[PDB]
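Chain residues, written in single-letter form:
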Amino acid sequence: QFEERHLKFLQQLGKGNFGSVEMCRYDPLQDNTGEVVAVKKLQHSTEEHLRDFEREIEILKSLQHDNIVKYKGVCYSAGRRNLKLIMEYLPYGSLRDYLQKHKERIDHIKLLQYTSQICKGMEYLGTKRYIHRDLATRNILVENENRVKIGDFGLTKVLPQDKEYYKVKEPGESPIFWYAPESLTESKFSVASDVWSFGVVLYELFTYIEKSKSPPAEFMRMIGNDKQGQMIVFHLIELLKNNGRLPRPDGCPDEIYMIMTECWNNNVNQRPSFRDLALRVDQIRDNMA
Ligand SMILES: N#CC[C@H](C1CCCC1)n1cc(-c2nc(Nc3ccc(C4CCNCC4)cc3)nc3[nH]ccc23)cn1
């Protein structure tokens, strides 16, 4: 739908792994009236990254929800090379950076508003049988002070029709400090591993992204910080099997930490559902108000 000749590059907004998002102005009339959009592209347009990207685009296009970034279209050149995904531009950027920047202005009730919106977005994913696999505040975007959206689906997979998990280990770096144990040991991803990662997201939020308190920093201090490469993963696994966990963040109430710890259950089937997480968060919100 979008012609590349009319996409005006403005700046880079974010970089992932093998991909990036740019702020552009779509201005077909060439009079500086076009709307600003976010444009995702591959940084290395190989076959498997390209088919993965096409599947990611199809996934995003099939999602329509208040807390999921809006698909707008695609843009390609030259036959079909340099495929680009056009999305709505959300003016406050990632929740990670936004929270770190406005920590003094954002109270617990607002954190729980965001938490509730993330849970509702994730529940919608689950109704489509999609596994996000990369839930983290760096992949949540801020539309305004009252609304966040899941903002990236580059690792999202669809469950087999006959199974409740998806096994995949692809080369590169993996956000292992957000991974459920069964994802570390067996590469198994499920709604329940998304729930584990959501618990880490809740931890992130209540740390206010204070950067000695990041999951990587805390876990590395727990496993020993002389650890080596692959050994890290091994030690992390051992840590989680002995019920080592991220600590309660400064100022975090006990009941919120308990939501976290319930999401961090070694037993995959004992983790709460996203609907129950939303109910509990919303009840605490109501109590606070
Ligand atoms: N998620 C997610 C992560 C993803 C990575 C890129 C590819 C995979 C991982 N990534 C998506 C966006 C993104 N950013 C915006 N806006 C935005 C962003 C930054 C600012 C800063 C605010 C103030 N300081 C100066 C600039 C302002 C606005 N809008 C978007 N729409 C769709 C995506 C998207 C950014 N990183």
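Parameters and conventions
- Counting starts from 1 on each chain and follows the sequence as written, independent of the entry's numbering; residues without coordinates are not shown.
- Excluding hydrogens and water, the side-chain values take into account all heavy atoms of the structure.
- The split into domains, and so the bounds of each, comes from an automatic or database assignment of domains.
- In what follows, residue pairs with any heavy atoms lying within 4.5 Å of each other are defined as contacts.
- Using a 1.4 Å probe, buried area is obtained as the accessible area two parts lose upon being combined, added over both of them.
- Every case where a carboxyl oxygen of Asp or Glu lies within 4 Å of a side-chain nitrogen of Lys or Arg is listed as a salt bridge.
- To sort residues, take the accessible area from a 1.4 Å probe on protein chains only and compare it with the maximum for the residue type: under 20% means buried, over 50% means exposed, and anything in between is partly exposed.
- Counting from the N terminus, the helices are the DSSP runs of H or I reaching at least four residues and the strands are the DSSP runs of E reaching at least two.
- Throughout, the arc means that of the directions going from the helix axis to the C-beta atoms.
- The near set for a molecule or strand comprises every residue that places at least one heavy atom within 4 Å of it.
- Counting of polar contacts relies on pairs of N or O atoms within 3.5 Å, with two restrictions inside protein: one atom must be capable of donating a hydrogen and the other of accepting it, and residues adjacent in sequence are counted only when both atoms are side-chain atoms.
- The Shrake-Rupley method, run with a 1.4 Å probe sphere, supplies the accessible areas, and residue values consider only the shown protein chains as cover.
- For this classification, the nonpolar set comprises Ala, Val, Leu, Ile, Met, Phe, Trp, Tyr, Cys and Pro, the charged set comprises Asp, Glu, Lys and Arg, and every other residue, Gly included, is treated as polar.
- The length a helix should cover is 1.5 Å for every residue beyond the first.
- DSSP-based pairing: two strands are paired if at least 2 bridges between them are found.
- Each pair of aromatic rings taken from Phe, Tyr and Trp, with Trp reduced to its six-membered ring, is defined by centres within 6.5 Å and is described as stacked if the planes are under 30 degrees apart, edge-to-face if over 60, and tilted in the remaining cases.

The record lists X-ray crystallography as the method behind this PDB entry and 2.0000 Å as its resolution.

Caption draft 1: Here's a closer look at the domain arrangement of the protein. Splitting the protein by domain gives domain 1 (4-88) and domain 2 (95-288). Computed over C-alpha atoms, the centres of domain 1 and domain 2 are 26 Å apart. Contacts between the two partners involve 17 residues from domain 1 and, on the opposite side, 20 residues from domain 2. Summing the contributions of domain 1 and of domain 2, the shared interface buries around 1600 Å²; its carbon and sulfur component is 55%. When the area that domain 1 buries against domain 2 is broken down by residue, the three leading residues are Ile59, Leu63 and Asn67, summing to 33%. With a shortest N-O distance of 2.9 Å, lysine 40 and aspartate 152 are connected by a salt bridge.

Caption draft 2: Seen up close, helix α8 (residues 254-263). Turning to α8, its buried residues are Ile256, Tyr257, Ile259, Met260 and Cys263. One side of α8 carries all its buried residues, which in axial view fall inside an arc of 150°. Summarising the contacts, the buried residues of α8 are in contact with α3 (108-127), α5 (191-207) and α9 (274-288).

Caption draft 3: Seen up close, the pattern of salt bridges. Tallied over the entire structure, the rule returns 24 salt bridges. Where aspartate 27 meets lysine 8, a salt bridge forms, and the shortest distance between an N and an O atom there is 2.8 Å. Highlighted residues: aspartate 27 in the loop between β2 (19-26) and β3 (35-42) and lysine 8 in strand β1 (residues 7-15), separated in sequence by 19 residues. Since its relative accessible area comes to 29%, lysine 8 is described here as partly exposed. Linking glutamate 218 and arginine 221 is a salt bridge whose minimum nitrogen-to-oxygen distance equals 3.3 Å. Highlighted residues: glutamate 218 and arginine 221, both in helix α6 (residues 215-223), separated by 3 residues, approximately one helical turn. On the accessibility criterion, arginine 221 (44% relative accessible area) is partly exposed. Ionic contacts of the salt-bridge type, sharing partners, join the residues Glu88, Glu143, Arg147 and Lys149 into one network.

Caption draft 4: Focus on the site of the ligand. Near the ligand there are 19 residues, and of these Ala38, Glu88, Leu90, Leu141 and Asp152 occur at the shortest range. In this structure, a nitrogen atom belonging to the ligand sits 2.8 Å away from a main-chain N or O atom of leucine 90. The fraction of the free accessible surface of the ligand (730 Å²) that becomes covered by protein chains is 77%. If you list the elements that add at least two residues to the shell around the ligand, you get β1, β3 and β5 (81-88). The greatest single-element share of the shell around the ligand, amounting to 3 residues, is contributed by β1. When its residues are assigned to classes, the shell around the ligand shows 9 nonpolar, 5 polar and 5 charged. The residue makeup of the shell around the ligand includes at least three contributed by each of domain 1 (4-88) and domain 2 (95-288).

Caption draft 5: Fine view of helix α1 (residues 47-61). Between its first and last C-alpha, α1 extends 21 Å over 15 residues, near the 21 Å set by a 1.5 Å rise per residue. Within α1 the residues assigned to the buried category are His49, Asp52, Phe53, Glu56, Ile57, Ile59 and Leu60. Viewed end-on, α1 has its buried residues packed into an arc of 160°, placing them on one side of the element. As for α1, its buried residues are in contact with β3, β4 (71-77), β5, β6 (130-131) and β9 (157-158).

Caption draft 6: Expanded view of the side chain of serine 183. In this structure, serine 183 sits in helix α4 (residues 181-186). Not counting residues up to four positions away in its chain, the partners in contact with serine 183 are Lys188, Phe189 and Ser193.

Caption draft 7: Summary view of the pairing of β4. Burial analysis of β4 places 5 of its 7 residues in the buried class, which makes it a mostly covered element. Relative to β5, β4 runs antiparallel, the two being bridged by 5 bridges. Within the sheet, the bridge partner assigned to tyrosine 71 lies in β5 and is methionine 87. Here β4 folds back onto β5 in antiparallel fashion, the turn holding 3 residues, of which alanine 78 has a positive phi close to 50°.

Caption draft 8: Examining the packing of aromatic side chains more closely. With the rule as written, the count across this model stands at 7 aromatic pairs. Ring geometry for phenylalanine 198 and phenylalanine 274: centres 5.8 Å apart, planes at 80°, overall edge-to-face. Highlighted residues: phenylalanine 198 in helix α5 and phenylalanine 274 in helix α9, separated in sequence by 76 residues. Summarising the aromatic geometry, the rings of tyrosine 257 and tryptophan 264 are spaced 6.4 Å apart at their centres and angled 75° between planes, so their arrangement reads as edge-to-face. Taken as a pair, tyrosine 257 and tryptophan 264 share a single burial class, namely buried.

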